[PDB]
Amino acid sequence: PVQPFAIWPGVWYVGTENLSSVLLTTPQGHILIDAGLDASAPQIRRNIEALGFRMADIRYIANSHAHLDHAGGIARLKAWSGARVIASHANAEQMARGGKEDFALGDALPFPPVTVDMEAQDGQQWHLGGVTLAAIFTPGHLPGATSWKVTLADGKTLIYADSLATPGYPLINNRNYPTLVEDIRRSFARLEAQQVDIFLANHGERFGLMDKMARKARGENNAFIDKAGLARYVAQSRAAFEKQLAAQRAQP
């Protein structure tokens, strides 16, 4: 497995090669962003413990969006930590249903249901131990998709970006999620405008995890400082999305 490691002081990667989970540590306890698959949860716990941190000290678990590869492990990690789960309303409703009634997937990819304790509204902030966590509503991939802005105790800004992907989604006359095109285009604009020091995302290949991890492990302390990376992720996503919409318009 990918061994857990420090992205930056107070910021730790505890996920797997593909599925992000990020631990923000503070003297007042910790914040975990995302939790992989249900099958990932034992490994994420082991990774947190291998860094010398306690599950019991995690105060909040924040979700990007309510698909099995980000929310699947939340039920278990919540039980082990006692953390309060934070998510947007739409993600909370989908988590309560274990991923079922998904606008594009239906019931094809369910996961353990979990109760969200605290809803997040756009721009809402939580403070813990010198760190500020703020929700950035970035819908499109799902109606409740959320990116997370973190102001660290040293003043650095971290963005944890959600998915901007629309895999197999009908974009024209989608009766289950009618506004998805307008939503995702606004999400591109919202993210590319963010001031950011450290760019992370909920899949390692979206932010160059493996290459940056290798450089960091070999002494490049600023490997995860990537001020233009979020803009580049948006640009790649926009190009693919606009090609997708044009392709669907050509033969609807």
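One-based numbering along the sequence shown.
> Out of 52-60 and 36-44, which stretch has the higher average CA B-factor listed in the record?
Comparing 52-60 with 36-44, the higher average CA B-factor belongs to 36-44.
> Highest mean C-alpha temperature factor of the two stretches 188-196 and 63-71, which is it?
Higher of the two, by average CA B-factor, is 188-196.
> Would you mind finding, among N18, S237, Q244, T25, the residue with the largest C-alpha temperature factor in the entry?
The C-alpha B-factor peaks, among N18, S237, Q244, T25, at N18.
> According to the Cα B-factor stored in this entry, which of the following is highest: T179, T146, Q94, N173?
Highest C-alpha B-factor among the listed residues goes to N173.
> When the deposited Cα B-factors of this chain's modelled residues are ordered and cut into thirds, is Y160 in the lowest, the middle or the highest one?
Its C-alpha B-factor, which the entry lists for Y160, ranks in the lowest third among residues of this chain.
> Using the B-factors in the PDB entry, rank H30's C-alpha atom against the chain and give the third, lowest, middle or highest.
According to the entry, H30 has a C-alpha B-factor in the chain's lowest third.
> Could you tell me which third, lowest, middle or highest, the C-alpha B-factor of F137 occupies within its chain?
Its C-alpha B-factor belongs to the middle third of this chain's values.
> Which third of the chain holds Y169 when residues are ordered by C-alpha B factor: lowest, middle or highest?
Within its chain, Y169 is a lowest-third residue by C-alpha B-factor, going by the deposited values.
> Consider only the C-alpha atoms of the modelled residues in this chain, order them by B-factor as the entry records it, and name the third containing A87: lowest, middle or highest.
Lowest third - that is where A87 ends up once the chain's C-alpha B-factors are sorted.
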